[PDB]
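Single chain ahead, by itself, as structure tokens, in the form deposited in one PDB entry.
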């Protein structure tokens, strides 16, 4: 029983909250690894709720800090031939996409590789090539972007098909924890200099999905997968194989219709309560990610939260959800 890693990241105030002089109800203490939320009362007398997690990232945490602390170790595990999954979980508006993908610094200040606002996906793709540049491990990188909306499956990277084209899912006869998704494009990323244009094609498909499907960016779940096939050659000419897969999952907004979100919650509850039956098959998302929930994949959850008093109830909901998830045991 190796526990799932669960971390918390609080977003900073936006311009509007700044000009309204907003006070944070969230204090994160990184060294105590604690998040403390003011739940009522006043200045000189108050109620709070405090939570301990594996790591906590306050409103001022930069993208590089998150990448170095959480992702760098996981990418090392992937390169060793393990499968790893990182979920982002929290209410719409708290920074799941910011964390997982990032944004461009304004006014074309930086190239993509150096942009301090880059998130997990671009940083990860850049660093694989760097880590494996001349260590004797030959490798290939392939990426896919499978998304779930109203329990239908979409491919956000395939250049032939329109986004509206549903994919079909089947059990894998060879892997009984596994599925096969008919139609899903795997794009080979040949070098660092192919990364950005591949991601641009996905961003373009994201805009069309939003035009076509109501609140697509909030209600959809996205699974960005990167698979690294590796071959080492020993001094005696024998070849050594490993395959590492990283799933980077940007969940639908948690705020309180979404069968996959509901089933994820039920799967987590089943696993933490150690009920024998765990309802993976009750949604697409949980069938796809079966191995990341009490399976042989190394899993982390980045729980995203708001500093704003406006968001107190959903913030507490997120923390309680993430804090319960700590008790999931993966092998």
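Residue numbers count along the first chain shown, from 1. Under this definition, the rigid core comprises the largest set of C-alpha atoms superposing within 1.5 Å between the forms.
K.L.:
Checking the other entries of this protein that model its neighbours, is residue 237 missing in at least a third?
P.N.:
Comparison shows residue 237 dropped in at least a third of the other entries.
K.L.:
Check whether residue 305 goes without coordinates in at least a third of the other compared PDB entries of this protein that model residues on both sides of it.
P.N.:
No: coordinates for residue 305 present in every compared entry.
K.L.:
Residues with no coordinates between residue 256 and residue 257 in the deposited sequence, how many: none, 1 to 3, 4 to 9, or 10 or more?
P.N.:
Missing residues, residue 256 to residue 257: 10 or more.
K.L.:
What stretch has the higher average Cα B-factor here, 40-48 or 297-305?
P.N.:
Mean B over CA atoms: larger for 40-48.
K.L.:
Could you check the entry and say whether 19-27 or 310-318 has the higher mean CA B-factor?
P.N.:
Averaging CA B-factors over each stretch, the winner is 19-27.
K.L.:
When the CA B-factors of 214, 85, 220, 175 are compared as recorded in the entry, which is the largest?
P.N.:
175 has the highest C-alpha B-factor of those listed.
K.L.:
With respect to the C-alpha temperature factors reported in the PDB entry, which of 163, 248, 117, 141 ranks highest?
P.N.:
Going by the entry's C-alpha B-factors, 163 comes out highest.
K.L.:
By its CA B factor, does residue 154 count among the lowest, middle or highest third of the modelled residues in the chain?
P.N.:
For residue 154, whose C-alpha B-factor we compare with every modelled residue in the chain, the answer is the lowest third.
K.L.:
What third of its chain's C-alpha B-factors does residue 112 belong to: lowest, middle or highest?
P.N.:
Its C-alpha B-factor belongs to the highest third of this chain's values.
K.L.:
Place residue 192 in the lowest, middle or highest third of its chain's C-alpha B-factors, as listed in the PDB entry.
P.N.:
Within its chain, residue 192 is a highest-third residue by C-alpha B-factor, going by the deposited values.
K.L.:
State the tercile, meaning the lowest, middle or highest third, of residue 102 with respect to the CA B-factors recorded for its chain.
P.N.:
As the PDB entry reports it, the C-alpha B-factor of residue 102 lands in the lowest third of its chain.
K.L.:
Could you say whether, by C-alpha temperature factor, residue 127 belongs to the lowest, middle or highest third of its chain?
P.N.:
Middle third - that is where residue 127 ends up once the chain's C-alpha B-factors are sorted.
FYI, the form deposited in another entry isn't displayed, but the following is about it.
K.L.:
Taking only shifts of 2 Å or more in Cα after a rigid core superposition between this form and the one not shown, tell me which of 143, 74, 148, 120 qualifies.
P.N.:
One residue passes the 2 Å cut-off, namely 120.
K.L.:
By the 2 angstroms cut-off, has the C-alpha of residue 65 moved between this form and the one not shown once the rigid core is superposed?
P.N.:
Shift at residue 65: 2 Å or more after core fit.
K.L.:
Against the rigid core, is the Cα displacement of residue 236 between this form and the one not shown at least 2 Å?
P.N.:
Result for residue 236: yes, a 2 Å-plus shift.
K.L.:
So the C-alpha spacing of residue 140 and residue 63 changes by 3 Å or more in the other form; is that change toward closer or farther than shown?
P.N.:
Farther is correct, given that in the other form the C-alpha spacing of residue 140 to residue 63 is increased by at least 3 Å.
K.L.:
Kindly indicate if, in the other form, the C-alpha atoms of residue 130 and residue 63 are closer or farther apart than in the structure shown, bearing in mind the change is 3 Å or more.
P.N.:
Those two alpha carbons end up farther apart in the other form.
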